[PDB]
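Since the structure comes first, as structure tokens, the remarks are kept for the end.
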Amino acid sequence: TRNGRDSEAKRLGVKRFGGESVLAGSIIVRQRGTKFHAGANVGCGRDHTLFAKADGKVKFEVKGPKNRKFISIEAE
Amino acid sequence: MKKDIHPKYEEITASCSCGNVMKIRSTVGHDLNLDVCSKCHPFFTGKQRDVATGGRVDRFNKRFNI
Amino acid sequence: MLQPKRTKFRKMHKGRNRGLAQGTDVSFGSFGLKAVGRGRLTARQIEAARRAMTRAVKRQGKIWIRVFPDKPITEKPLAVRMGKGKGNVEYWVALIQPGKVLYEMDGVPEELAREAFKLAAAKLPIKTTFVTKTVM
Amino acid sequence: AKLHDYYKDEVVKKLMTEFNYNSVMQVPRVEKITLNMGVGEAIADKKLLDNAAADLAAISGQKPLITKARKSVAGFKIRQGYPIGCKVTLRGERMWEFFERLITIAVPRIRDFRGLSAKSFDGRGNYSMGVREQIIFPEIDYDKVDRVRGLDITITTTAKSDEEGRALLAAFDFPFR
Amino acid sequence: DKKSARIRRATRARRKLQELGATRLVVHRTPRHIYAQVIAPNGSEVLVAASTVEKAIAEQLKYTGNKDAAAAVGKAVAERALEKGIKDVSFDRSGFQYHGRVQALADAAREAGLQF
Amino acid sequence: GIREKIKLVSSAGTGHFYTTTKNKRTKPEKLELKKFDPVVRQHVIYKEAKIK
RNA sequence: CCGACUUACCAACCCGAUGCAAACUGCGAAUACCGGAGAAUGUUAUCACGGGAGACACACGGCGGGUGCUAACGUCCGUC
RNA sequence: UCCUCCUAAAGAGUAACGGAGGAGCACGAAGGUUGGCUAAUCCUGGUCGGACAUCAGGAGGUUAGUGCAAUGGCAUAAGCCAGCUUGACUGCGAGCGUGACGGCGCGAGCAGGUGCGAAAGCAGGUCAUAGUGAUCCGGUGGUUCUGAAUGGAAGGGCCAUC
RNA sequence: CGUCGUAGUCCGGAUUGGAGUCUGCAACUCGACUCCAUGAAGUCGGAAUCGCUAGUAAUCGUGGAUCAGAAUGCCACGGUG
RNA sequence: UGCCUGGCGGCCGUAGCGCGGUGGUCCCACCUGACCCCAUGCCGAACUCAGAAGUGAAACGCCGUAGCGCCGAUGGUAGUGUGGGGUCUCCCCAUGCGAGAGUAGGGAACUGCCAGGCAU
RNA sequence: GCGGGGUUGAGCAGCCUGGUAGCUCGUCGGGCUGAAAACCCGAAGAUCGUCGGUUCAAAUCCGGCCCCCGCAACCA
Ligand SMILES: [Zn+2]
């Protein structure tokens, strides 16, 4: 046959969920596209990884006219 | 318009064969002599009879009689 | 013998056949043949049943077929070991869940429809029943 | 300029009374005149595309835009990005001058000219007509041209319907039929 | 269509200013009038607003839609902001080209005291 | 893998060099860029040279 | 050149009705997983470091499946 | 050996000679910044021109496009066009992700200097995920770091690289 | 004597449209000729092949038989050569 | 404090299309002109400047309208955690959660800050 | 099961990095011979085995299929 190949898993997914206290610089989700968009206090890395810029609790919300999922770091 | 990319364009005088003179702006530079204008072209008097449909029976009657 | 003109992929997983059916009511015709059992109808079975019921009604009225065999069923060649990749496609089936109306028919009398559906059902693996169109 | 002021008084009065318009701005007006020259043979030779550009610049006093193929097509053996045409957009004063020059000089010199077609108004009042020979424009020199080309004029107006555009063009004594 | 295109042009820089939490000076330019306002980092409340439709600013100008008028409204908005303590803002061109009237308002506000 | 690698030598006289790749068949002309030279702590012009 | 009608023929797009999909989703659970707070229970049951290992042939049964004939006390995973 | 979907049981991971396809490159611009723009397809009209070239208008709303396979993204466009340029910088890095390990990956911010922009700012390569080889031995350049009595040198170290 | 100046041409006249003349009861198939308009191919011809030794070949017109009309054919005749 | 207009939001279709009507004192839009500032891979169309003769025609705003898009119960169905059972490819019972589609119905947005014009 | 092949009527090149089809015999029409061969001149010809797929474009690239030619089908 010609179907024996496959690639190693990339271990994506949400790494820190909502209402979790995190330190600055910690990865929140590893994604391929921009499935979740960066909100307040969250930056977008080279491979679309959303990372916290300040210490606080993770906040998920749906915003915008396109109903996009935003991740922000609530103040703490 | 841009400064130098365009061709030379200024006023000229065009004189039709029927004496209808027109002053217009063009790129010829020199004056121009027209052989037919819009006011003299036969699209009001010449282009009516141009159909040349022809008749077979009137023509027949013209050639001879009984 | 019905079979898809094109397919996105050649082979398909074995799957399961749980749940109930969707086409419960007689939609187009006046009489239908409903399945009370569970299983898979092959293309050859569908073709044989269609021929039997058409001949039975002497090509009168109209007949609908609410199922279409779209699942490719493979099997390995004769006398080969268990590995060496999946087998080659041999026939096509349509997964049947209880309550699925298989065929419909109108333009003929009731008892003639009874006899035609019985002759058709006699060539099918699953158990069937006769149903009539209902308002609402 | 002549047809411009001619429009501004006579055409506006004529349209207001024959269409019973409530507002002056509702009267149709011509917005642009596009001059296209599709040169398919340019793929084989570049030396005849700058010539087409030159004679189009001569006809209307603007340097033309060398258009390019939007999408690749095999039937005419061209790839995306090849220059295959040249165009000119005329607006305002230049548009009016070219319009008067055309209507009073170019169209009477068309060989066997028996009137234009009134069935080329695209259903939304935008007229488009094609000429068969560029020699009808006195800007070019008949003996010094190398090949007889042809172009197509497009008169784009603000008229919503089809009869409004036809009436607007007729009001300038266009030679329809 | 033009207004939609202008909003589309401005809506990148507006999000960036909001993300940076900067108080922004928005300028709106129409053919006859020009308007300016300084809006808080939350984007839902303004702080100072000067414009040529105001009689107090209009009556000292020949025409409300020129470069001198733009300079006047820019200087006015800068003075009002400084009077209210707002002195560090970010300029939001709002889809217009940074040239002509908008550039005039900006450098007038700059020389008048504002910082951007 | 027709793209072969080269080195950009600094013009400041120091032996420092960057390294990259180039397609020598379609770009025969030499490469010149302004890059940071950490020895003199200034951005100087680097010129393409043979990788050796 | 234009064309002329109709012929138990096929048929794009659109509209109405009816199904199918592991590699379809304008919807969408139960579970499971991460984090915070509280009470009770459990011989710290949890984590870190150091000394010594063994093991890396697994089997069947239930549930979710691939492959096989929705064959096998068949084979390969997850979980108990 | 590496990448994409399903198998994979709605966090991660998960096997088979299971089902399907690709990679061993490319780019001095196809990278960075500023400013601007919106496709596919179809209808109508128009010279050569044709089912299909370029032009004008309409319907449509991303069914298009991304240097390439597939998946996830993308209108503030990551897609397309133009101007100026080298941040395809040097030393570092709070804190995480994934690995038995070797390792691989994301990263605000600090110091020096640079590009675009008026500026807020952005830029430590390319929309992201494949485009790859540990160590030994040897080659080139830089640096007194070392140099078997001493001063050199050879050899060795470190940095950059084959 | 004048014009054309190496060109598909003021070369070549085919083809076609319109208008006619003559013969013959009768010019549609199917005659000859004339007027106006039209101006194809053709720029010396492959393999091959024919006639001619002197007033000959080549070339230019004229007449006759047949015949109501209808030859670029046939049979004669001379000019240059 | 009432109406209308402009700018920036909250929210992201109960907020969007389509049909009919309506608006110019102010605002906004089309509009007039282009040596200049600036610009078209051609074009003052876009972008830009200097202005107010004309019109709300287009666009845009407001009002009305259920032809769509959209939201959407209650009840039932499918699925399922735990324990048990059968005729065990698939179901049933006790208990907890409970869709999607569809039905009645809802629905022509609501709201905050500032400025201008008209009345109180 | 694995390598190679399918191209004018027959035998065969070239499919080259995907825009482009060539040779011999044969065939057609004239020429030579009294006639037929041999010979001479001028011509013509293909949807590159079938069907899907990626391109603007497939005879070429990919996958499946049919036929032909080799290789292997062994230890029991
Ligand atoms: Zn005249």
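Every chain in the structure tokens takes a letter, A first, then B, and so on in the order presented; its residues are numbered from 1, and the ligands are numbered from 1 following the presented order.
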Exercise for the section: Excluding residue 43 (chain F) and any residue of its chain fewer than 3 positions from it, enumerate the residues within 7 Å of it, using only C-alpha atoms (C1' of nucleotides), and give them as number ranges by chain. Expected result: F: 34-37; H: 113-114
Output the selection as a PDB file, in the first residue's frame - C-alpha atoms (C1' of nucleotides) for each residue.
```pdb
ATOM      1  CA  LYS F  34      23.865  47.500   5.703  1.00  0.00           C
ATOM      2  CA  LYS F  35      24.185  45.201   8.728  1.00  0.00           C
ATOM      3  CA  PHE F  36      25.235  45.688  12.340  1.00  0.00           C
ATOM      4  CA  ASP F  37      28.934  45.080  13.042  1.00  0.00           C
TER       5      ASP F  37
ATOM      6  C1'   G H 113      22.604  51.025  16.809  1.00  0.00           C
ATOM      7  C1'   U H 114      19.090  50.922  12.260  1.00  0.00           C
TER       8        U H 114
END
```
Exercise for the section: Just need the residues of chain C within 12 Å of chain J, counting only C-alpha atoms (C1' of nucleotides), so spit them out as a list in words. Expected result: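 Taking only C-alpha atoms (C1' of nucleotides) into account, residues 14, 15, 16, 17, 18, 19, 20, 21, 22, 37, 38, 39, 40, 97 and 98 of chain C sit within 12 Å of chain J.
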Problem - Shell of 10 Å around ligand 1 (only C-alpha atoms (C1' of nucleotides) and all ligand atoms), written as a VMD selection string - result: (chain B and resid 15 to 21 34 to 42) or (chain D and resid 104 to 105 108)
Residue subset to file, keeping N, CA and C atoms, as a PDB file, in the first residue's frame:
```
ATOM      1  N   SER B  15     -11.584  73.656 -41.566  1.00  0.00           N
ATOM      2  CA  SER B  15     -12.517  74.271 -42.504  1.00  0.00           C
ATOM      3  C   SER B  15     -13.114  73.196 -43.398  1.00  0.00           C
ATOM      4  N   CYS B  16     -14.440  73.030 -43.352  1.00  0.00           N
ATOM      5  CA  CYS B  16     -15.082  71.998 -44.153  1.00  0.00           C
ATOM      6  C   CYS B  16     -15.145  72.427 -45.621  1.00  0.00           C
ATOM      7  N   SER B  17     -15.433  71.453 -46.503  1.00  0.00           N
ATOM      8  CA  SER B  17     -15.615  71.752 -47.926  1.00  0.00           C
ATOM      9  C   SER B  17     -16.824  72.654 -48.174  1.00  0.00           C
ATOM     10  N   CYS B  18     -17.862  72.539 -47.343  1.00  0.00           N
ATOM     11  CA  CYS B  18     -19.106  73.295 -47.454  1.00  0.00           C
ATOM     12  C   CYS B  18     -19.011  74.676 -46.791  1.00  0.00           C
ATOM     13  N   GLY B  19     -17.809  75.120 -46.407  1.00  0.00           N
ATOM     14  CA  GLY B  19     -17.588  76.422 -45.812  1.00  0.00           C
ATOM     15  C   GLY B  19     -17.923  76.518 -44.337  1.00  0.00           C
ATOM     16  N   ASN B  20     -18.296  75.408 -43.702  1.00  0.00           N
ATOM     17  CA  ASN B  20     -18.588  75.349 -42.271  1.00  0.00           C
ATOM     18  C   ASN B  20     -17.246  75.254 -41.541  1.00  0.00           C
ATOM     19  N   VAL B  21     -16.807  76.370 -40.961  1.00  0.00           N
ATOM     20  CA  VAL B  21     -15.535  76.417 -40.252  1.00  0.00           C
ATOM     21  C   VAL B  21     -15.798  76.066 -38.784  1.00  0.00           C
ATOM     22  N   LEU B  34     -11.307  69.865 -43.977  1.00  0.00           N
ATOM     23  CA  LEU B  34     -12.258  68.766 -43.966  1.00  0.00           C
ATOM     24  C   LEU B  34     -12.916  68.636 -45.324  1.00  0.00           C
ATOM     25  N   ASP B  35     -13.220  67.399 -45.691  1.00  0.00           N
ATOM     26  CA  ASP B  35     -13.930  67.153 -46.929  1.00  0.00           C
ATOM     27  C   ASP B  35     -15.415  66.904 -46.717  1.00  0.00           C
ATOM     28  N   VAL B  36     -15.824  66.549 -45.498  1.00  0.00           N
ATOM     29  CA  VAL B  36     -17.232  66.361 -45.155  1.00  0.00           C
ATOM     30  C   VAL B  36     -17.399  66.643 -43.657  1.00  0.00           C
ATOM     31  N   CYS B  37     -18.420  67.424 -43.301  1.00  0.00           N
ATOM     32  CA  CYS B  37     -18.703  67.730 -41.901  1.00  0.00           C
ATOM     33  C   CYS B  37     -19.999  67.039 -41.485  1.00  0.00           C
ATOM     34  N   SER B  38     -20.418  67.278 -40.238  1.00  0.00           N
ATOM     35  CA  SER B  38     -21.691  66.732 -39.771  1.00  0.00           C
ATOM     36  C   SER B  38     -22.886  67.480 -40.354  1.00  0.00           C
ATOM     37  N   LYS B  39     -22.726  68.772 -40.653  1.00  0.00           N
ATOM     38  CA  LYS B  39     -23.809  69.575 -41.211  1.00  0.00           C
ATOM     39  C   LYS B  39     -23.974  69.419 -42.717  1.00  0.00           C
ATOM     40  N   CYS B  40     -23.023  68.789 -43.412  1.00  0.00           N
ATOM     41  CA  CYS B  40     -23.110  68.653 -44.859  1.00  0.00           C
ATOM     42  C   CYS B  40     -23.211  67.215 -45.340  1.00  0.00           C
ATOM     43  N   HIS B  41     -22.900  66.230 -44.482  1.00  0.00           N
ATOM     44  CA  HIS B  41     -22.990  64.813 -44.831  1.00  0.00           C
ATOM     45  C   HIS B  41     -24.442  64.470 -45.170  1.00  0.00           C
ATOM     46  N   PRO B  42     -24.693  63.664 -46.227  1.00  0.00           N
ATOM     47  CA  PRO B  42     -26.064  63.401 -46.687  1.00  0.00           C
ATOM     48  C   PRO B  42     -26.871  62.385 -45.872  1.00  0.00           C
TER      49      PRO B  42
ATOM     50  N   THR D 104     -18.694  65.475 -34.986  1.00  0.00           N
ATOM     51  CA  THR D 104     -18.699  66.430 -36.080  1.00  0.00           C
ATOM     52  C   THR D 104     -17.660  66.137 -37.150  1.00  0.00           C
ATOM     53  N   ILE D 105     -16.693  65.243 -36.896  1.00  0.00           N
ATOM     54  CA  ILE D 105     -15.667  64.955 -37.893  1.00  0.00           C
ATOM     55  C   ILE D 105     -15.505  63.461 -38.169  1.00  0.00           C
ATOM     56  N   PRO D 108     -18.891  61.200 -39.777  1.00  0.00           N
ATOM     57  CA  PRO D 108     -19.181  61.366 -41.232  1.00  0.00           C
ATOM     58  C   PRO D 108     -18.193  60.696 -42.208  1.00  0.00           C
TER      59      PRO D 108
END
```
Exercise for the section: Define the interface residues of chain H facing chain E as those within 10 Å, counting only C-alpha atoms (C1' of nucleotides), and report them as a VMD selection string. Expected result: chain H and resid 35 to 36 75 to 76 118 to 121
Store the residues of this selection in a file with N, CA, C and O atoms (P, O5', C5', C4', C3', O3' and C1' of nucleotides), as a PDB file, in the first residue's frame.
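Below is the file again.pdb, written as the result:
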```pdb
ATOM      1  P     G H  35      -0.370  54.603   7.206  1.00  0.00           P
ATOM      2  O5'   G H  35      -0.666  54.851   5.660  1.00  0.00           O
ATOM      3  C5'   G H  35      -0.668  56.172   5.134  1.00  0.00           C
ATOM      4  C4'   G H  35      -0.824  56.176   3.637  1.00  0.00           C
ATOM      5  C3'   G H  35      -1.980  55.377   3.072  1.00  0.00           C
ATOM      6  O3'   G H  35      -3.236  56.027   3.210  1.00  0.00           O
ATOM      7  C1'   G H  35      -0.033  54.905   1.834  1.00  0.00           C
ATOM      8  P     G H  36      -4.590  55.157   3.307  1.00  0.00           P
ATOM      9  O5'   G H  36      -4.788  54.528   1.855  1.00  0.00           O
ATOM     10  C5'   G H  36      -5.122  55.363   0.753  1.00  0.00           C
ATOM     11  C4'   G H  36      -4.987  54.649  -0.567  1.00  0.00           C
ATOM     12  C3'   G H  36      -5.935  53.494  -0.812  1.00  0.00           C
ATOM     13  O3'   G H  36      -7.238  53.921  -1.183  1.00  0.00           O
ATOM     14  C1'   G H  36      -3.754  52.859  -1.438  1.00  0.00           C
ATOM     15  P     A H  75     -10.391  39.285   8.765  1.00  0.00           P
ATOM     16  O5'   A H  75     -10.863  40.570   7.966  1.00  0.00           O
ATOM     17  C5'   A H  75     -10.075  41.752   7.868  1.00  0.00           C
ATOM     18  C4'   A H  75     -10.682  42.813   6.958  1.00  0.00           C
ATOM     19  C3'   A H  75     -12.189  43.069   7.075  1.00  0.00           C
ATOM     20  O3'   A H  75     -12.443  44.440   6.801  1.00  0.00           O
ATOM     21  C1'   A H  75     -11.690  42.407   4.870  1.00  0.00           C
ATOM     22  P     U H  76     -12.618  45.452   8.031  1.00  0.00           P
ATOM     23  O5'   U H  76     -11.123  45.805   8.457  1.00  0.00           O
ATOM     24  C5'   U H  76     -10.336  46.680   7.657  1.00  0.00           C
ATOM     25  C4'   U H  76      -8.979  46.958   8.260  1.00  0.00           C
ATOM     26  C3'   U H  76      -7.882  45.930   7.999  1.00  0.00           C
ATOM     27  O3'   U H  76      -6.629  46.618   7.881  1.00  0.00           O
ATOM     28  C1'   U H  76      -8.196  46.137  10.315  1.00  0.00           C
ATOM     29  P     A H 118       5.878  61.057   7.079  1.00  0.00           P
ATOM     30  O5'   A H 118       6.149  61.480   8.592  1.00  0.00           O
ATOM     31  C5'   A H 118       6.969  62.596   8.903  1.00  0.00           C
ATOM     32  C4'   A H 118       6.483  63.276  10.156  1.00  0.00           C
ATOM     33  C3'   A H 118       6.313  62.396  11.391  1.00  0.00           C
ATOM     34  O3'   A H 118       7.510  62.269  12.141  1.00  0.00           O
ATOM     35  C1'   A H 118       4.323  63.590  11.018  1.00  0.00           C
ATOM     36  P     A H 119       7.925  60.873  12.825  1.00  0.00           P
ATOM     37  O5'   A H 119       6.795  60.570  13.915  1.00  0.00           O
ATOM     38  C5'   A H 119       6.662  61.376  15.080  1.00  0.00           C
ATOM     39  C4'   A H 119       5.341  61.141  15.774  1.00  0.00           C
ATOM     40  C3'   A H 119       5.097  59.738  16.310  1.00  0.00           C
ATOM     41  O3'   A H 119       5.688  59.558  17.590  1.00  0.00           O
ATOM     42  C1'   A H 119       3.216  60.440  15.065  1.00  0.00           C
ATOM     43  P     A H 120       6.075  58.095  18.138  1.00  0.00           P
ATOM     44  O5'   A H 120       4.709  57.499  18.703  1.00  0.00           O
ATOM     45  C5'   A H 120       3.977  58.167  19.725  1.00  0.00           C
ATOM     46  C4'   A H 120       2.607  57.561  19.881  1.00  0.00           C
ATOM     47  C3'   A H 120       2.600  56.055  20.072  1.00  0.00           C
ATOM     48  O3'   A H 120       2.848  55.682  21.421  1.00  0.00           O
ATOM     49  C1'   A H 120       1.065  56.630  18.376  1.00  0.00           C
ATOM     50  P     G H 121       3.679  54.344  21.755  1.00  0.00           P
ATOM     51  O5'   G H 121       2.955  53.207  20.914  1.00  0.00           O
ATOM     52  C5'   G H 121       3.678  52.107  20.392  1.00  0.00           C
ATOM     53  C4'   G H 121       3.241  51.823  18.979  1.00  0.00           C
ATOM     54  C3'   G H 121       3.936  50.666  18.284  1.00  0.00           C
ATOM     55  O3'   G H 121       3.343  49.424  18.622  1.00  0.00           O
ATOM     56  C1'   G H 121       3.937  52.543  16.858  1.00  0.00           C
TER      57        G H 121
END
```
Handout entry: Atomic separation - CA of residue 66 (chain C) relative to CA of residue 27 (chain C), Å
Key =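 That distance, rounded to one decimal, is 9.5 Å.
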Please, which residues in chain A fall within 8 Å of chain G when counting only C-alpha atoms (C1' of nucleotides), and what is the closest atom pair and distance in Å to one decimal for each, ordered by chain then residue number, as JSON lines?
```
{"residue": "A:16", "atom": "CA", "partner": "G:34", "partner_atom": "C1'", "distance": 7.0}
{"residue": "A:17", "atom": "CA", "partner": "G:34", "partner_atom": "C1'", "distance": 6.1}
{"residue": "A:18", "atom": "CA", "partner": "G:35", "partner_atom": "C1'", "distance": 7.4}
{"residue": "A:19", "atom": "CA", "partner": "G:35", "partner_atom": "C1'", "distance": 6.3}
{"residue": "A:20", "atom": "CA", "partner": "G:35", "partner_atom": "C1'", "distance": 4.9}
{"residue": "A:21", "atom": "CA", "partner": "G:35", "partner_atom": "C1'", "distance": 7.8}
```
Would you put the residues from that selection into a file with N, CA, C and O atoms, as a PDB file, in the first residue's frame?
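The result, written out as again_38.pdb:
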```
ATOM      1  N   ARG A  16      -4.201  27.107  29.104  1.00  0.00           N
ATOM      2  CA  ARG A  16      -4.716  27.687  30.334  1.00  0.00           C
ATOM      3  C   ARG A  16      -6.162  28.068  30.068  1.00  0.00           C
ATOM      4  O   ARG A  16      -6.439  28.844  29.148  1.00  0.00           O
ATOM      5  N   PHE A  17      -7.074  27.575  30.896  1.00  0.00           N
ATOM      6  CA  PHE A  17      -8.482  27.835  30.657  1.00  0.00           C
ATOM      7  C   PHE A  17      -8.927  29.089  31.405  1.00  0.00           C
ATOM      8  O   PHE A  17      -8.105  29.799  31.992  1.00  0.00           O
ATOM      9  N   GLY A  18     -10.213  29.423  31.235  1.00  0.00           N
ATOM     10  CA  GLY A  18     -10.777  30.632  31.824  1.00  0.00           C
ATOM     11  C   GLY A  18     -10.708  30.638  33.341  1.00  0.00           C
ATOM     12  O   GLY A  18     -10.852  29.602  33.992  1.00  0.00           O
ATOM     13  N   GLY A  19     -10.501  31.829  33.902  1.00  0.00           N
ATOM     14  CA  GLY A  19     -10.445  31.998  35.344  1.00  0.00           C
ATOM     15  C   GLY A  19      -9.243  31.362  36.011  1.00  0.00           C
ATOM     16  O   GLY A  19      -9.309  31.022  37.197  1.00  0.00           O
ATOM     17  N   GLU A  20      -8.147  31.193  35.279  1.00  0.00           N
ATOM     18  CA  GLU A  20      -6.913  30.626  35.804  1.00  0.00           C
ATOM     19  C   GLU A  20      -5.894  31.736  35.987  1.00  0.00           C
ATOM     20  O   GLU A  20      -5.654  32.513  35.057  1.00  0.00           O
ATOM     21  N   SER A  21      -5.277  31.802  37.165  1.00  0.00           N
ATOM     22  CA  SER A  21      -4.297  32.849  37.404  1.00  0.00           C
ATOM     23  C   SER A  21      -2.976  32.414  36.786  1.00  0.00           C
ATOM     24  O   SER A  21      -2.471  31.327  37.082  1.00  0.00           O
TER      25      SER A  21
END
```
Problem - Exercise: residue 63 (chain B) partners within 12 Å, only C-alpha atoms (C1' of nucleotides), chain neighbours under 5 positions left out, as a ChimeraX atom specification - result: /B:56-58 /I:19-20
Practice task
Any chance you could list, as a PyMOL selection string, the residues in chain D that come up strand (DSSP E or B) when DSSP is run on the backbone?
Solution key: chain D and resi 30-38+65-68+73+78+83-90+127-130+152-157
Handout entry: d(CA of residue 4 (chain E), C1' of residue 16 (chain J)) in Å
Key = 16.2 Å
Practice task
Using only C-alpha atoms (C1' of nucleotides), find which residues of chain C lie within 12 Å of chain G and jot them down as a PyMOL selection string.
Solution key: chain C and resi 4+7-18+21-29+38-40+64-78+80-87+93-96+100-104
Export of the given selection (C-alpha atoms) as a PDB file, in the first residue's frame:
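Written output follows (part.pdb):
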```pdb
ATOM      1  CA  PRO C   4     -22.463   6.722  -7.245  1.00  0.00           C
ATOM      2  CA  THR C   7     -16.918   9.708  -4.801  1.00  0.00           C
ATOM      3  CA  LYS C   8     -14.604  11.929  -2.768  1.00  0.00           C
ATOM      4  CA  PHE C   9     -12.751   8.852  -1.441  1.00  0.00           C
ATOM      5  CA  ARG C  10     -12.643   5.261  -2.654  1.00  0.00           C
ATOM      6  CA  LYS C  11     -12.970   3.383   0.650  1.00  0.00           C
ATOM      7  CA  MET C  12     -15.049   4.004   3.772  1.00  0.00           C
ATOM      8  CA  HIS C  13     -14.928   2.720   7.395  1.00  0.00           C
ATOM      9  CA  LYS C  14     -17.197  -0.138   8.537  1.00  0.00           C
ATOM     10  CA  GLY C  15     -19.140   2.057  10.975  1.00  0.00           C
ATOM     11  CA  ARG C  16     -22.144   1.220  13.110  1.00  0.00           C
ATOM     12  CA  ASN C  17     -25.872   1.253  12.375  1.00  0.00           C
ATOM     13  CA  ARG C  18     -27.387   2.646  15.562  1.00  0.00           C
ATOM     14  CA  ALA C  21     -34.476   6.453  10.633  1.00  0.00           C
ATOM     15  CA  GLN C  22     -35.361   9.829   9.125  1.00  0.00           C
ATOM     16  CA  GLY C  23     -37.733   9.107   6.222  1.00  0.00           C
ATOM     17  CA  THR C  24     -40.615   7.816   8.322  1.00  0.00           C
ATOM     18  CA  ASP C  25     -43.556   9.124   6.262  1.00  0.00           C
ATOM     19  CA  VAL C  26     -44.746   8.501   2.702  1.00  0.00           C
ATOM     20  CA  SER C  27     -43.830  11.770   0.979  1.00  0.00           C
ATOM     21  CA  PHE C  28     -44.318  11.418  -2.786  1.00  0.00           C
ATOM     22  CA  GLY C  29     -46.604   8.478  -3.578  1.00  0.00           C
ATOM     23  CA  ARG C  38     -32.246  -3.156  10.851  1.00  0.00           C
ATOM     24  CA  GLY C  39     -29.414  -3.901   8.409  1.00  0.00           C
ATOM     25  CA  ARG C  40     -27.942  -2.877   5.043  1.00  0.00           C
ATOM     26  CA  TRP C  64     -40.054   6.167  -6.098  1.00  0.00           C
ATOM     27  CA  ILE C  65     -36.936   4.720  -4.437  1.00  0.00           C
ATOM     28  CA  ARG C  66     -36.149   6.613  -1.242  1.00  0.00           C
ATOM     29  CA  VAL C  67     -32.823   4.790  -0.620  1.00  0.00           C
ATOM     30  CA  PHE C  68     -29.580   4.950  -2.601  1.00  0.00           C
ATOM     31  CA  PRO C  69     -26.575   2.630  -2.020  1.00  0.00           C
ATOM     32  CA  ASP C  70     -23.680   4.990  -1.281  1.00  0.00           C
ATOM     33  CA  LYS C  71     -21.550   3.099   1.278  1.00  0.00           C
ATOM     34  CA  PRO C  72     -18.654   1.185  -0.358  1.00  0.00           C
ATOM     35  CA  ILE C  73     -18.167  -2.265   1.183  1.00  0.00           C
ATOM     36  CA  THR C  74     -14.789  -3.877   0.593  1.00  0.00           C
ATOM     37  CA  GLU C  75     -13.471  -7.405   1.076  1.00  0.00           C
ATOM     38  CA  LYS C  76     -10.068  -9.016   0.666  1.00  0.00           C
ATOM     39  CA  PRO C  77      -9.269 -11.337  -2.305  1.00  0.00           C
ATOM     40  CA  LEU C  78      -9.582 -15.102  -1.905  1.00  0.00           C
ATOM     41  CA  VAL C  80      -4.838 -13.896   1.412  1.00  0.00           C
ATOM     42  CA  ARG C  81      -3.505 -13.092   4.878  1.00  0.00           C
ATOM     43  CA  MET C  82      -4.954 -10.444   7.183  1.00  0.00           C
ATOM     44  CA  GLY C  83      -2.528  -7.586   6.544  1.00  0.00           C
ATOM     45  CA  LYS C  84      -1.422  -5.958   3.238  1.00  0.00           C
ATOM     46  CA  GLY C  85      -3.836  -3.008   3.331  1.00  0.00           C
ATOM     47  CA  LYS C  86      -7.602  -2.789   2.927  1.00  0.00           C
ATOM     48  CA  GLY C  87      -9.423  -4.789   0.248  1.00  0.00           C
ATOM     49  CA  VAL C  93     -24.919  -0.700   0.289  1.00  0.00           C
ATOM     50  CA  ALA C  94     -27.295   1.745   1.974  1.00  0.00           C
ATOM     51  CA  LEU C  95     -27.488   1.598   5.776  1.00  0.00           C
ATOM     52  CA  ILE C  96     -31.073   0.968   6.908  1.00  0.00           C
ATOM     53  CA  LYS C 100     -37.098   3.787   6.900  1.00  0.00           C
ATOM     54  CA  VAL C 101     -39.506   3.873   3.964  1.00  0.00           C
ATOM     55  CA  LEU C 102     -37.607   2.136   1.158  1.00  0.00           C
ATOM     56  CA  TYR C 103     -39.966   2.379  -1.826  1.00  0.00           C
ATOM     57  CA  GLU C 104     -43.078   4.354  -2.705  1.00  0.00           C
TER      58      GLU C 104
END
```
Handout entry: Exercise: region 27-33 of chain B partners within 8 Å, only C-alpha atoms (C1' of nucleotides), chain neighbours under 2 positions left out, as a list in words
Key = residues 7, 8, 9, 10, 11, 12, 13, 14, 15, 16, 17, 25 and 35 of chain B; 58, 59, 61 and 139 of chain D
Practice task
Pick out the residues sitting within 12 Å of region 66-76 of chain K, and hand them over as a list in words; count only C-alpha atoms (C1' of nucleotides), and ignore anything fewer than 3 positions along from it in its own chain.
Solution key: residues 1, 2, 3, 4, 5, 6, 49, 50 and 51 of chain K
